[PDB]
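Read the single chain below, which is given as C-alpha coordinates and is the form deposited in one PDB entry.
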(Lines give C-alpha, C1' and ligand atoms only; values in the text may rest on other atoms or scores of the structure.)
Protein backbone atom coordinates (compact mmCIF):
# COMPACT_ATOMS: atom_id res chain seq x y z
CA UNK A 1 0.00 0.00 0.00
CA UNK A 2 0.96 3.66 0.46
CA UNK A 3 1.83 3.34 4.16
CA UNK A 4 5.21 4.88 4.93
CA UNK A 5 8.05 3.14 6.77
CA UNK A 6 10.25 4.48 9.56
CA UNK A 7 13.76 3.09 10.14
CA UNK A 8 15.74 4.82 12.94
CA UNK A 9 19.07 2.90 12.77
CA UNK A 10 21.52 4.01 15.51
CA UNK A 11 25.15 3.64 16.69
CA UNK A 12 24.29 0.14 18.00
CA UNK A 13 20.52 -0.36 17.59
CA UNK A 14 18.04 -0.51 14.66
CA UNK A 15 14.30 0.11 15.07
CA UNK A 16 12.01 -0.25 12.05
CA UNK A 17 8.26 -0.22 11.66
CA UNK A 18 5.29 0.96 9.66
CA UNK A 19 3.98 4.51 9.98
CA UNK A 20 0.81 5.31 11.89
CA UNK A 21 1.58 2.90 14.74
CA UNK A 22 2.78 3.70 18.28
CA UNK A 23 5.60 1.17 18.81
CA UNK A 24 8.46 -0.18 16.67
CA UNK A 25 7.85 -3.56 15.06
CA UNK A 26 11.46 -4.75 14.66
CA UNK A 27 14.16 -3.73 17.16
CA UNK A 28 17.53 -5.45 16.92
CA UNK A 29 21.23 -4.54 17.24
CA UNK A 30 23.22 -3.57 14.15
CA UNK A 31 26.25 -5.87 14.22
CA UNK A 32 27.92 -8.07 11.61
CA UNK A 33 29.81 -11.20 12.59
CA UNK A 34 32.01 -13.68 10.75
CA UNK A 35 33.60 -16.94 11.93
CA UNK A 36 37.27 -17.17 12.85
CA UNK A 37 37.92 -20.83 13.68
CA UNK A 38 38.20 -23.84 11.38
CA UNK A 39 35.31 -25.99 10.16
CA UNK A 40 35.83 -29.75 10.34
CA UNK A 41 32.28 -30.96 9.70
CA UNK A 42 31.09 -31.90 6.22
CA UNK A 43 28.98 -28.76 6.48
CA UNK A 44 31.60 -26.65 8.30
CA UNK A 45 28.72 -24.29 8.95
CA UNK A 46 25.92 -22.97 6.79
CA UNK A 47 26.72 -19.33 5.94
CA UNK A 48 29.77 -17.07 6.05
CA UNK A 49 28.17 -14.00 7.67
CA UNK A 50 25.59 -13.44 10.41
CA UNK A 51 23.66 -10.19 10.88
CA UNK A 52 21.04 -9.49 13.53
CA UNK A 53 20.05 -11.55 16.57
CA UNK A 54 21.62 -14.77 15.27
CA UNK A 55 25.04 -13.09 15.16
CA UNK A 56 24.83 -12.34 18.88
CA UNK A 57 23.33 -15.76 19.63
CA UNK A 58 26.35 -17.48 18.04
CA UNK A 59 28.80 -14.79 19.23
CA UNK A 60 31.11 -17.37 20.82
CA UNK A 61 32.74 -18.25 17.48
CA UNK A 62 32.24 -14.95 15.64
CA UNK A 63 33.98 -11.58 15.41
CA UNK A 64 31.29 -8.92 15.85
CA UNK A 65 31.78 -5.49 14.28
CA UNK A 66 29.70 -2.30 14.19
CA UNK A 67 29.26 -0.62 10.78
CA UNK A 68 28.45 2.80 12.32
CA UNK A 69 30.93 4.62 14.63
CA UNK A 70 30.38 8.03 16.35
CA UNK A 71 27.34 8.49 14.06
CA UNK A 72 29.29 8.21 10.81
CA UNK A 73 29.12 5.13 8.59
CA UNK A 74 32.58 3.63 8.01
CA UNK A 75 31.76 0.29 6.35
CA UNK A 76 29.54 0.85 3.32
CA UNK A 77 29.28 -2.86 2.43
CA UNK A 78 27.76 -4.13 5.70
CA UNK A 79 25.05 -1.45 5.74
CA UNK A 80 23.60 -2.94 2.55
CA UNK A 81 23.39 -6.33 4.27
CA UNK A 82 21.81 -4.83 7.39
CA UNK A 83 19.20 -2.89 5.41
CA UNK A 84 18.42 -5.92 3.23
CA UNK A 85 17.91 -8.00 6.38
CA UNK A 86 15.67 -5.28 7.84
CA UNK A 87 13.54 -4.94 4.70
CA UNK A 88 13.25 -8.65 3.83
CA UNK A 89 13.98 -10.86 6.85
CA UNK A 90 12.30 -8.64 9.47
CA UNK A 91 9.33 -6.86 7.86
CA UNK A 92 8.58 -9.08 4.82
CA UNK A 93 7.85 -6.05 2.63
CA UNK A 94 8.86 -4.95 -0.86
CA UNK A 95 10.84 -1.68 -0.69
CA UNK A 96 9.75 -0.60 -4.19
CA UNK A 97 6.22 0.21 -2.96
CA UNK A 98 6.59 2.34 0.18
CA UNK A 99 8.30 5.63 1.06
CA UNK A 100 11.13 5.53 3.59
CA UNK A 101 12.03 8.03 6.32
CA UNK A 102 15.54 8.15 7.77
CA UNK A 103 17.12 9.99 10.70
CA UNK A 104 20.62 11.45 10.97
CA UNK A 105 22.51 13.26 13.71
CA UNK A 106 23.35 16.95 13.15
CA UNK A 107 26.83 18.17 12.21
CA UNK A 108 27.83 15.19 10.06
CA UNK A 109 29.72 14.97 6.75
CA UNK A 110 27.56 15.66 3.70
CA UNK A 111 29.20 12.78 1.83
CA UNK A 112 27.58 10.34 4.27
CA UNK A 113 24.08 11.67 3.54
CA UNK A 114 24.72 11.82 -0.21
CA UNK A 115 25.98 8.23 -0.31
CA UNK A 116 23.05 7.11 1.85
CA UNK A 117 20.44 8.58 -0.49
CA UNK A 118 22.36 7.46 -3.60
CA UNK A 119 22.48 3.82 -2.49
CA UNK A 120 18.93 3.93 -1.12
CA UNK A 121 17.52 5.14 -4.45
CA UNK A 122 19.63 3.04 -6.83
CA UNK A 123 19.60 -0.32 -5.00
CA UNK A 124 16.21 -0.73 -3.30
CA UNK A 125 14.31 1.58 -5.72
CA UNK A 126 12.16 3.35 -3.14
CA UNK A 127 9.77 5.95 -4.64
CA UNK A 128 10.32 8.62 -1.96
CA UNK A 129 12.83 9.76 0.64
CA UNK A 130 13.33 12.22 3.48
CA UNK A 131 16.02 12.75 6.12
CA UNK A 132 15.19 14.46 9.42
CA UNK A 133 17.20 15.49 12.47
CA UNK A 134 16.91 13.01 15.33
CA UNK A 135 16.41 15.59 18.09
CA UNK A 136 13.66 17.46 16.22
CA UNK A 137 11.32 14.45 16.35
CA UNK A 138 11.63 14.37 20.16
CA UNK A 139 9.44 17.47 20.41
CA UNK A 140 6.94 15.88 18.00
CA UNK A 141 6.80 12.78 20.20
CA UNK A 142 6.39 14.87 23.35
CA UNK A 143 3.78 17.13 21.74
CA UNK A 144 5.38 20.54 22.24
CA UNK A 145 6.68 23.45 20.16
CA UNK A 146 9.34 25.06 22.40
CA UNK A 147 12.12 23.62 24.54
CA UNK A 148 15.74 22.47 24.43
CA UNK A 149 16.20 18.79 23.59
CA UNK A 150 18.96 16.52 24.90
CA UNK A 151 19.52 13.18 23.15
CA UNK A 152 22.15 10.57 24.05
CA UNK A 153 22.68 7.09 22.61
CA UNK A 154 25.55 4.99 21.31
CA UNK A 155 26.64 7.77 18.95
CA UNK A 156 26.97 11.45 19.86
CA UNK A 157 25.32 13.75 22.40
CA UNK A 158 23.76 16.86 20.87
CA UNK A 159 21.53 19.74 21.97
CA UNK A 160 19.37 21.96 19.76
CA UNK A 161 17.27 24.86 21.12
CA UNK A 162 13.86 25.19 19.46
CA UNK A 163 11.43 28.03 20.21
CA UNK A 164 7.94 27.96 18.68
CA UNK A 165 9.16 26.04 15.63
CA UNK A 166 12.10 28.36 14.87
CA UNK A 167 15.22 26.41 15.80
CA UNK A 168 18.46 28.33 16.26
CA UNK A 169 21.27 26.67 14.24
CA UNK A 170 24.03 28.84 15.76
CA UNK A 171 23.61 27.38 19.28
CA UNK A 172 23.82 23.66 18.48
CA UNK A 173 26.42 21.71 20.46
CA UNK A 174 27.69 18.19 19.83
CA UNK A 175 29.80 15.91 22.04
CA UNK A 176 31.34 12.45 21.65
CA UNK A 177 30.31 10.71 24.88
CA UNK A 178 28.03 7.70 24.54
CA UNK A 179 27.43 4.16 25.77
CA UNK A 180 30.55 2.78 24.10
CA UNK A 181 32.80 5.09 26.13
CA UNK A 182 30.91 4.17 29.31
CA UNK A 183 31.31 0.43 28.72
CA UNK A 184 34.98 0.86 27.78
CA UNK A 185 35.58 2.73 31.04
CA UNK A 186 33.69 0.02 32.94
CA UNK A 187 35.87 -2.62 31.25
CA UNK A 188 39.00 -0.70 32.24
CA UNK A 189 37.94 -0.24 35.87
CA UNK A 190 36.81 -3.87 36.17
CA UNK A 191 40.47 -4.86 35.72
CA UNK A 192 41.02 -3.23 39.13
CA UNK A 193 39.70 -6.48 40.60
CA UNK A 194 40.58 -9.97 39.36
CA UNK A 195 38.08 -9.89 36.49
CA UNK A 196 39.52 -9.35 33.01
CA UNK A 197 37.62 -8.95 29.73
CA UNK A 198 39.25 -8.61 26.30
CA UNK A 199 36.91 -10.22 23.74
CA UNK A 200 33.95 -8.66 21.92
CA UNK A 201 31.61 -11.18 23.54
CA UNK A 202 33.06 -10.07 26.88
CA UNK A 203 32.38 -6.50 25.73
CA UNK A 204 28.72 -7.43 25.23
CA UNK A 205 28.71 -9.06 28.68
CA UNK A 206 30.11 -5.87 30.22
CA UNK A 207 27.47 -3.86 28.35
CA UNK A 208 24.76 -6.08 29.85
CA UNK A 209 26.30 -5.66 33.32
CA UNK A 210 26.28 -1.87 32.86
CA UNK A 211 22.65 -1.98 31.71
CA UNK A 212 21.54 -4.06 34.70
CA UNK A 213 23.39 -2.73 37.78
CA UNK A 214 24.23 0.97 37.40
CA UNK A 215 22.91 4.28 38.72
CA UNK A 216 23.91 7.92 39.25
CA UNK A 217 24.82 9.25 42.69
CA UNK A 218 23.37 12.58 43.79
CA UNK A 219 26.56 13.50 45.68
CA UNK A 220 29.82 11.90 44.55
CA UNK A 221 31.94 12.50 47.66
CA UNK A 222 29.25 11.43 50.14
CA UNK A 223 28.51 8.29 48.10
CA UNK A 224 32.23 7.48 47.96
CA UNK A 225 32.55 7.89 51.73
CA UNK A 226 29.48 5.72 52.35
CA UNK A 227 30.75 3.00 50.01
CA UNK A 228 34.19 3.03 51.64
CA UNK A 229 32.71 2.99 55.17
CA UNK A 230 29.65 0.72 55.24
CA UNK A 231 30.36 -1.47 52.16
CA UNK A 232 26.64 -2.18 51.80
CA UNK A 233 26.38 -1.08 48.15
CA UNK A 234 27.82 -4.29 46.66
CA UNK A 235 25.82 -6.28 44.11
CA UNK A 236 26.19 -9.76 42.64
CA UNK A 237 26.06 -10.83 39.00
CA UNK A 238 26.19 -14.27 37.39
CA UNK A 239 28.37 -14.94 34.35
CA UNK A 240 27.21 -17.37 31.63
CA UNK A 241 29.97 -19.84 32.55
CA UNK A 242 28.52 -20.10 36.05
CA UNK A 243 30.91 -17.95 38.07
CA UNK A 244 29.68 -14.98 40.11
CA UNK A 245 31.16 -11.49 40.38
CA UNK A 246 30.72 -8.68 42.89
CA UNK A 247 30.86 -4.93 42.23
CA UNK A 248 30.83 -2.21 44.87
CA UNK A 249 31.63 1.46 44.29
CA UNK A 250 32.10 0.86 40.55
CA UNK A 251 28.31 1.06 40.12
CA UNK A 252 28.17 4.87 40.28
CA UNK A 253 31.65 5.53 38.85
CA UNK A 254 30.59 4.56 35.31
CA UNK A 255 28.03 7.38 34.72
CA UNK A 256 30.25 9.87 36.57
CA UNK A 257 32.45 10.36 33.49
CA UNK A 258 29.32 11.62 31.73
CA UNK A 259 29.34 14.57 34.15
CA UNK A 260 33.15 14.78 34.53
CA UNK A 261 34.68 13.91 31.13
CA UNK A 262 38.20 14.22 32.62
CA UNK A 263 37.98 10.59 33.79
CA UNK A 264 38.48 9.20 30.27
CA UNK A 265 41.02 11.89 29.33
CA UNK A 266 38.63 14.09 27.35
CA UNK A 267 38.92 17.85 27.85
CA UNK A 268 35.36 19.21 27.80
CA UNK A 269 32.41 20.02 30.06
CA UNK A 270 29.71 17.71 31.37
CA UNK A 271 26.17 17.51 30.07
CA UNK A 272 25.06 19.89 32.84
CA UNK A 273 27.29 22.71 31.56
CA UNK A 274 26.78 22.15 27.82
CA UNK A 275 23.03 22.73 28.19
CA UNK A 276 23.64 25.91 30.20
CA UNK A 277 26.12 27.20 27.61
CA UNK A 278 23.65 26.46 24.81
CA UNK A 279 20.88 28.27 26.70
CA UNK A 280 23.05 31.33 27.38
CA UNK A 281 23.93 31.63 23.67
CA UNK A 282 20.27 32.17 22.73
CA UNK A 283 18.30 35.42 22.98
CA UNK A 284 17.50 37.12 26.28
CA UNK A 285 13.72 36.94 25.86
CA UNK A 286 13.47 33.18 25.22
CA UNK A 287 15.86 32.02 27.97
CA UNK A 288 13.11 31.67 30.59
CA UNK A 289 10.87 29.43 28.44
CA UNK A 290 13.75 27.03 27.48
CA UNK A 291 14.87 26.80 31.16
CA UNK A 292 11.46 25.40 32.20
CA UNK A 293 10.97 22.96 29.25
CA UNK A 294 14.01 20.65 29.36
CA UNK A 295 13.40 17.48 27.33
CA UNK A 296 15.31 14.20 27.72
CA UNK A 297 15.43 11.34 25.22
CA UNK A 298 17.66 8.44 24.24
CA UNK A 299 18.70 5.23 25.93
CA UNK A 300 21.76 6.63 27.71
CA UNK A 301 19.47 8.92 29.74
CA UNK A 302 17.67 5.88 31.21
CA UNK A 303 19.71 5.82 34.43
CA UNK A 304 17.66 6.01 37.66
CA UNK A 305 19.00 9.17 39.29
CA UNK A 306 19.99 11.19 36.22
CA UNK A 307 17.00 13.56 36.40
CA UNK A 308 17.45 14.74 39.99
CA UNK A 309 21.23 15.00 39.57
CA UNK A 310 20.89 17.11 36.43
CA UNK A 311 18.23 19.33 38.01
CA UNK A 312 20.47 19.93 41.03
CA UNK A 313 23.45 20.69 38.80
CA UNK A 314 21.49 23.10 36.59
CA UNK A 315 19.80 24.95 39.46
CA UNK A 316 23.19 26.01 40.83
CA UNK A 317 24.26 27.70 37.59
CA UNK A 318 20.93 29.35 36.75
CA UNK A 319 19.66 32.38 38.69
CA UNK A 320 17.50 31.54 41.70
CA UNK A 321 14.61 33.75 40.55
CA UNK A 322 13.01 31.37 38.04
CA UNK A 323 12.33 27.62 38.01
CA UNK A 324 14.02 24.69 36.25
CA UNK A 325 11.95 21.70 35.13
CA UNK A 326 13.11 18.49 33.43
CA UNK A 327 10.73 16.26 31.46
CA UNK A 328 11.70 12.56 31.43
CA UNK A 329 8.88 10.39 30.07
CA UNK A 330 9.06 6.69 31.04
CA UNK A 331 9.04 5.68 27.35
CA UNK A 332 11.84 8.05 26.29
CA UNK A 333 13.87 5.20 24.76
CA UNK A 334 11.61 4.85 21.70
CA UNK A 335 11.01 8.59 21.37
CA UNK A 336 12.60 9.39 17.99
CA UNK A 337 10.65 6.62 16.23
CA UNK A 338 7.33 7.79 17.70
CA UNK A 339 8.00 11.35 16.57
CA UNK A 340 8.96 10.16 13.10
CA UNK A 341 5.80 8.05 12.81
CA UNK A 342 3.70 11.02 13.93
CA UNK A 343 5.40 13.31 11.40
CA UNK A 344 5.11 10.87 8.49
CA UNK A 345 1.31 10.66 8.86
CA UNK A 346 0.65 14.41 8.80
CA UNK A 347 -1.53 15.92 6.08
CA UNK A 348 0.93 18.72 5.27
CA UNK A 349 3.85 16.26 4.95
CA UNK A 350 2.98 15.16 1.41
CA UNK A 351 4.72 17.69 -0.86
CA UNK A 352 7.95 17.55 1.17
CA UNK A 353 9.00 14.14 -0.18
CA UNK A 354 11.92 13.63 -2.56
CA UNK A 355 10.45 11.91 -5.61
CA UNK A 356 12.56 9.83 -7.98
CA UNK A 357 11.92 12.32 -10.79
CA UNK A 358 13.69 15.08 -8.86
CA UNK A 359 16.56 12.72 -8.00
CA UNK A 360 17.22 11.54 -11.54
CA UNK A 361 16.66 15.03 -12.99
CA UNK A 362 18.96 16.92 -10.58
CA UNK A 363 21.26 14.39 -8.90
CA UNK A 364 22.26 13.01 -5.50
CA UNK A 365 23.16 16.55 -4.35
CA UNK A 366 19.47 17.49 -4.07
CA UNK A 367 19.20 16.25 -0.47
CA UNK A 368 21.09 19.37 0.66
CA UNK A 369 18.33 21.66 -0.70
CA UNK A 370 15.30 19.82 0.73
CA UNK A 371 16.31 18.53 4.20
CA UNK A 372 17.52 20.35 7.31
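Residue numbers count along the first chain shown, from 1.
Just so you know, the form solved in complex with a small molecule exists too; it's not on screen, but the next bit is about it.
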| query | finding |
| --- | --- |
| Candidate from 179, 147, 270, 95 lying within 4.5 Å of the small molecule in the bound PDB entry - any heavy atom | 179 |
| Check all three, 31, 66 and 183, heavy atom within 4.5 Å of the small molecule in the bound PDB entry | yes |
| Residue 85 within 4.5 Å of the small molecule in the bound PDB entry, heavy atoms | no |
| Contact test in the bound PDB entry: residue 203 vs the small molecule, heavy atoms, 4.5 Å | yes |
| 4.5 Å heavy atom contact, residue 210 to the small molecule in the bound PDB entry | yes |
| The small molecule contact in the bound PDB entry: residue 362, any heavy atom under 4.5 Å | no |
